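Enquirer: I'd like to ask some things about the structure below.
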Amino acid sequence: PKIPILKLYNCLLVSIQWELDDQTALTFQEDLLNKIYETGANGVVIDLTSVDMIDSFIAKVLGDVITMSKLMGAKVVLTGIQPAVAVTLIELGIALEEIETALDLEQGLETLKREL
Amino acid sequence: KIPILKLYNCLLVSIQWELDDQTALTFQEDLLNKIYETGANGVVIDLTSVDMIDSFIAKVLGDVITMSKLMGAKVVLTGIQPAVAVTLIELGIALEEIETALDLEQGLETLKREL
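Line by line, the protein sequences give chains A and B.
For the first sequence, position 39 (counting from the first letter as 1) is numbered 42 according to the deposited numbering, and the numbering increases by one without interruption.
For the second sequence, position 51 (counting from the first letter as 1) is numbered 55 according to the deposited numbering, and the numbering increases by one without interruption.
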């Protein structure tokens, strides 16, 4: 079940809306970077509003895809992190300081535009 | 399930899968619910990645557009492929009422302009 990526002008929009799977997150990390490279988008906003909990594997995947996307030249934003997910990100801890984070998808896109 | 994004007062659904008849009704049921929950005035359905479609799914696509109008939301279809265009015409669903655009951004633009 590939997770979709939306291209809106110069931004990539992602919304995860189900329990993530180790095998799925790896495909998502693989797919997002290709989409950045194929489209040359300036910014990505990843929505985890519908993600109840995550594992350490996903946490590392999520942290790496933020770091990798920035290297390819795209500023990244996370939105909708729930308390359960926030705890696991802190506990590894993949709460990278350079994580620009937002409360909601709209706000993240707003923050994304003002950064650029 | 098919994910649906909410940007301000608009719904963006992109179908990057291969949709069977089972998924289409799930989509129809979920989209009409999403409008009612969100209070969205417009929705953009991107069919750019849909290689082909069948007559049954064609019909649900036409019903979704017309049903969402009744709820008060405007529907724009984007990225329809030639193969899909043949099937849509074949059923006769293709009406002047269907508002359509080439890609998601143009479809979203057409939406804001008419609201």
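Quick reminder that beta carbons are idealized off the backbone N, C-alpha and C, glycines included.
Against chain A, with Cβ distances strictly below 8 Å, would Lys5(B) count as a contact?
Expert: Interface residue, yes.
Enquirer: With distances taken Cα to Cα, identify the nearest neighbour of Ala87(A) among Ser18(A), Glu22(A), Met75(A), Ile102(A).
Expert: That would be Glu22(A), whose Cα lies nearest to the Cα of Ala87(A).
Enquirer: Buried or exposed for residue 2(B), going by 16 or more other Cβ atoms inside 10 Å?
Expert: For residue 2(B) there is no data in the structure shown, the boundaries of chain B being 5 and 119.
Enquirer: Buried or exposed, going by whether 16 or more other CB atoms sit within 10 Å of the CB of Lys73(B)?
Expert: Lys73(B) comes out exposed.
Enquirer: Let me check understanding here. Comparing Cα to Cα, which of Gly76(B), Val48(B), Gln85(B) lies closest to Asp58(B)?
Expert: Checking every option, the nearest Cα to that of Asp58(B) belongs to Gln85(B).
Enquirer: With H, G and I counted as helix, E and B as strand and the rest as coil, what does DSSP make of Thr27(B)?
Expert: It is helical.
Enquirer: Counting beta carbon pairs with one atom in the stretch 94-107 of chain A and one in the stretch 32-41 of chain A, are three or more of them shorter than 8 Å?
Expert: Because the criterion of three Cβ pairs below 8 Å is not met, the stretch 32-41 of chain A and the stretch 94-107 of chain A do not touch.
Enquirer: Based on Cα-Cα distance, which residue from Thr27(A), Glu113(A), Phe31(A) lies nearest to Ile8(A)?
Expert: Of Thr27(A), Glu113(A), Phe31(A), the residue nearest in Cα terms is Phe31(A).
Enquirer: Between the Cα of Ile69(A) and those of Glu109(A), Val90(A), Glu33(A), spot the shortest distance and give me the residue it belongs to.
Expert: The residue with the shortest Cα to Cα distance from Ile69(A) is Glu33(A).
Enquirer: If I measure Cβ to Cβ from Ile102(B) and keep anything under 7 Å in the same chain, skipping five residues before and after, which residues do I get?
Expert: Taken in chain order, the residues that qualify are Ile69, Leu81.
Enquirer: Checking contacts by CB at 8 Å: is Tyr12(B) closer than that to chain A?
Expert: Yes, its Cβ sits closer than 8 Å to a Cβ of chain A.
Enquirer: Shortest alpha-carbon distance to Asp25(B) belongs to which of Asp107(B), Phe60(B), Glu113(B), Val90(B)?
Expert: The option with the nearest alpha carbon to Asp25(B) is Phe60(B).
Enquirer: Please say whether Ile19(A) and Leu51(A) have beta carbons closer to each other than 8 Å?
Expert: Against a cut-off of 8 Å, the Cβ pair of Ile19(A) and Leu51(A) comes out as a contact.
Enquirer: In angstroms with no decimal places, state the Cα-to-Cα distance between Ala77(B) and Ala77(A).
Expert: In a straight line, the C-alpha of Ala77(B) is about 34 Å away from that of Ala77(A).
Enquirer: Closest by CA to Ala44(B), which one among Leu11(B), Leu106(B), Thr114(B)?
Expert: If we check each option's Cα against that of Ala44(B), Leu11(B) comes out closest.
Enquirer: On the DSSP bridge assignment, give the partners of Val80(B) in chain order.
Expert: The partner list for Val80(B) (beta bridge, DSSP) reads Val48(B), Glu103(B).
Enquirer: Using only alpha-carbon positions, find the residue among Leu65(B), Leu108(B), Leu16(B) that is nearest to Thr27(B).
Expert: Of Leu65(B), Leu108(B), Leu16(B), the residue nearest in Cα terms is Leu65(B).
Enquirer: Mind checking which residues open and close the alpha helix (DSSP H) that includes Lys5(B)?
Expert: Careful: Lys5(B) lies outside any alpha helix (DSSP H) and carries neither H nor E.
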